[PDB]
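Tertiary structure, described
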Amino acid sequence: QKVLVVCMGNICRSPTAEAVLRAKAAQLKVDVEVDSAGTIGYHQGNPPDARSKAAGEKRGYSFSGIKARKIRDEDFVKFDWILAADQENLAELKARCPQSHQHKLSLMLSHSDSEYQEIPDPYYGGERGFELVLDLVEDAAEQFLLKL
Amino acid sequence: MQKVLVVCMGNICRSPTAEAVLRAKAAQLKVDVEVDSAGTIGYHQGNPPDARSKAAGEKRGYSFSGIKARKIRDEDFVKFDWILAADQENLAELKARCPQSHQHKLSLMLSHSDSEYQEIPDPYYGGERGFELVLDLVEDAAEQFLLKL
């Protein structure tokens, strides 16, 4: 089984989700491959945001092997789950994904019993927003991996 | 006499509208300015303006011919006298890439209008009202930016 998390730039939200899912999958002994991508390629080839990386490493998560990339047509066929950070991400995915694979698309937090439906973009904000992404992702990752 | 560059994120909705409106206003006001637009990202590179933006603007007699999306370049910070950003995130993005010596050129487009608005909201994921709003704010801000000289 393979899971792809998608945000806009693939530098803050989806890399954090991928790091947490990877670490929790290993702890929970769930054999799943995880990856992430963005809807845009502005950050193509970049490591995760240094604040995102620092904040995650604070909780023990490794961001090794994560570099920003744009989503490919081949992603919709390759992955079994494609999880969007927010509704704009999901709209982009819905537009690009073949009809046959539309069933694979969902908001990441649709798999979390949380007052949040979307993961807010921490990029232009302070430290609170980076801690928020982690809080949301840890909970969603725990509940989602349980469902798998 | 002056060169103005308007910048939004994708250069398909907001800054193309600002460009079309500023060009028309400049002509009627006989103020000798050259206008251009660009985006902070190149996702839409080479694309004409959003078909909804184009439709809405033509509703009011504006044309979008000759406008194709393009990413902001290091060269733009030297060339232009006025660089106007659609919203705060665009401006912050510009301030990060702009050289120290040209930071004086960067501002929000609506900060030149007596408007109660400071940012031009992105209409891309919204309905018709967002497109009419972009035009309303762009027309007000364009008129006041050109008058105020």
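Sequence order as written determines residue numbers, which begin from 1 on each chain and need not coincide with the entry numbering; residues that lack coordinates are not included. Going through the entries in the order they are written, you letter the chains from A and number the ligands from 1. Side-chain metrics rest on all non-hydrogen atoms present in the structure, leaving aside hydrogens and water. Residues with missing side-chain atoms are left out of burial classes, side-chain pairs and their counts.

By the method listed in its record, X-ray crystallography, this PDB entry was determined to a resolution of 1.45 Å.

**Details of unusual backbone geometry**
Trans peptide bonds make up the majority, and among non-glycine residues the majority have a negative phi. All names here are of chain B. Selection rule: Runs of E in the DSSP output that reach at least two residues are strands. Runs of H or I that reach at least four are helices, and both are numbered from the N terminus.
In this model, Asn-11 sits at a positive phi of 60°, which is unusual for a non-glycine residue. Note on placement: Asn-11 falls in the loop between β1 (2-8) and α1 (14-28). For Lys-30, which is not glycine, the phi torsion reads 50° and is therefore positive. Take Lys-30: it is sitting in the loop between α1 and β2 (33-39).

**Comments concerning the pairing of β2(B)**
All names here are of chain B. Operational definition: Only strands joined by at least two bridges in the DSSP assignment are considered to pair. For crossovers, right-handed means that the path from the first strand over the helix to the second runs clockwise, given strands pointing away from the viewer.
With seven bridges joining them, β1 and β2 adopt parallel strand pairing. Bridge pairing in β2 links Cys-8 to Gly-39. Taken together, β1, α1 and β2 form a β-α-β motif whose crossover is right-handed.

**Topic: the sheet that holds strand β4 (residues 105-107) of chain A**
Residues and elements named next belong to chain A. Applicable threshold: To obtain an axis, a line is fitted to C-alpha atoms, over the contacting stretch when the element is a helix, and the angle between two such axes runs from 0 to 180 degrees between their N-to-C directions. The contact criterion used throughout is that any non-hydrogen atoms of two residues lie within 4.5 Å.
Read from one edge to the other, the open sheet built from four strands follows the order β2-β1-β3-β4, with strand pairing classed as parallel. A single partner strand is all that each edge strand has here, and the edge strands are β2 (33-38) and β4. The mean angle between the axes of side-by-side strands here comes to 25°, regardless of whether they run parallel or antiparallel. For strand β1 (residues 2-7) and β2, the ladder comprises six bridges, and the chain directions are parallel. Looking at the pairing, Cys-7 lines up with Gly-38 of β2. Sheet strands in contact with helix α4 (residues 87-96) are β1, β3 (81-84) and β4, and its direction is about 175° off that of β4.

**Some words on the pattern of salt bridges**
Definition in use: Here, a salt bridge means any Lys or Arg side-chain nitrogen found within 4 Å of an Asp or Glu carboxyl oxygen. Burial classes follow relative accessibility: with a 1.4 Å probe on protein chains only, a residue under 20% of its type's maximum area counts as buried, one over 50% as exposed, and anything between as partly exposed.
Under the defined criterion, the tally for this structure stands at 25 salt bridges over all chains. A salt bridge links A:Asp135 to A:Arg59; its shortest N-O distance comes to 2.8 Å. With A:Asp135 in helix α5 (residues 127-147) and A:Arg59 in the loop between α2 (50-57) and α3 (75-78), this pair connects stretches of sequence that are 76 residues apart. With relative accessibility at 27%, the residue A:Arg59 sits in the partly exposed group. A salt bridge links B:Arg52 to B:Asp50; its shortest N-O distance comes to 2.9 Å.

**Here's the deal with the packing of helix α2 (residues 51-58) of chain B against helix α5 (residues 128-147) of chain B**
All names here are of chain B. As a reminder, the rule being used: Roughly parallel means an angle under 35 degrees; roughly antiparallel, over 145; roughly perpendicular, 65 to 115; everything else is oblique. Left-handed describes a crossing whose near helix is turned anticlockwise from the far helix by less than a right angle; the clockwise case is right-handed. Ten residues, namely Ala, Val, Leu, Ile, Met, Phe, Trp, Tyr, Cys and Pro, are considered nonpolar, four, namely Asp, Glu, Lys and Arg, are considered charged, and the remaining ones, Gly among them, are considered polar.
Look at α2 against α5: their axes get within 10 Å of each other, and the N-to-C directions meet at 55°. Here α2 lies oblique to α5, going by the angle between them. In this structure, α2 crosses over α5, and the sense of that crossing is right-handed. Residue-level inspection shows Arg-52, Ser-53, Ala-56 and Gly-57 of α2 in contact with α5, the latter providing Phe-131, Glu-132 and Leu-135. Here the contact of α2 with α5 is built from residues that sort into three nonpolar, two polar and two charged.

**What to know about the side chain of B:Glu19**
By the secondary structure assignment, B:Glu19 is in helix α1. Apart from the residues lying within four places of it in its own chain, the contact partners of B:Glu19 are B:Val6, B:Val35, B:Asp36, B:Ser37 and B:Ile67.

**Describing the packing of aromatic side chains**
Our working definition: The criterion for an aromatic pair is that two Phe, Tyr or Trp rings (for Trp, the six-membered ring) have centres within 6.5 Å, with stacked assigned to planes under 30 degrees apart, edge-to-face to planes over 60 apart and tilted to the rest. Any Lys NZ or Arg CZ found within 6 Å of a ring centre and within 35 degrees of that ring's normal is scored as a charge over the ring.
Applying the stated criterion across every chain yields a total of four aromatic pairs over all chains. Ring plane angle 90° and centroid distance 5.2 Å describe the contact between A:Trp81 and A:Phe144, whose orientation is recorded as edge-to-face. With A:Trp81 in strand β3 and A:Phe144 in helix α5, this pair connects stretches of sequence that are 63 residues apart. A:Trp81 gets classed as partly exposed once you look at its relative accessible area, which sits at 24%. An angle of 80° between the planes, with centres 5.4 Å apart, marks the rings of B:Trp82 and B:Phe145 as edge-to-face. Of the two residues, B:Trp82 is situated in strand β3 (residues 82-85) and B:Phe145 in helix α5; the sequence distance between them amounts to 63 residues. On the accessibility criterion, B:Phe145 (4% relative accessible area) is buried. Looking at B:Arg52, its charged tip hangs above the ring of B:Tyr124, at a distance of 5.1 Å from the centre.

**A few points about the interface of chain A and chain B**
Selection criterion: Two parts placed together each lose some accessible area; with a 1.4 Å probe, that loss summed over both constitutes the buried area. Any pair of nitrogen or oxygen atoms within 3.5 Å is treated as a polar contact; in protein, a donor-acceptor pairing is required on top of that, and neighbouring residues in sequence qualify only through side-chain atoms on both sides.
Listed as interface residues are nine residues of chain A and, on the opposing side, nine residues of chain B. Carbon and sulfur atoms supply 59% of the area buried between chain A and chain B, which totals about 890 Å² over both sides. Considering only the side of chain A, the residues that lose the most area to chain B are A:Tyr42, A:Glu92 and A:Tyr124, jointly responsible for 60% of the buried surface there. For the pair chain A and chain B, the number of links is three residue pairs in polar contact. Here the residues of the side of chain A that touches chain B are counted per class, giving five nonpolar, one polar and three charged.

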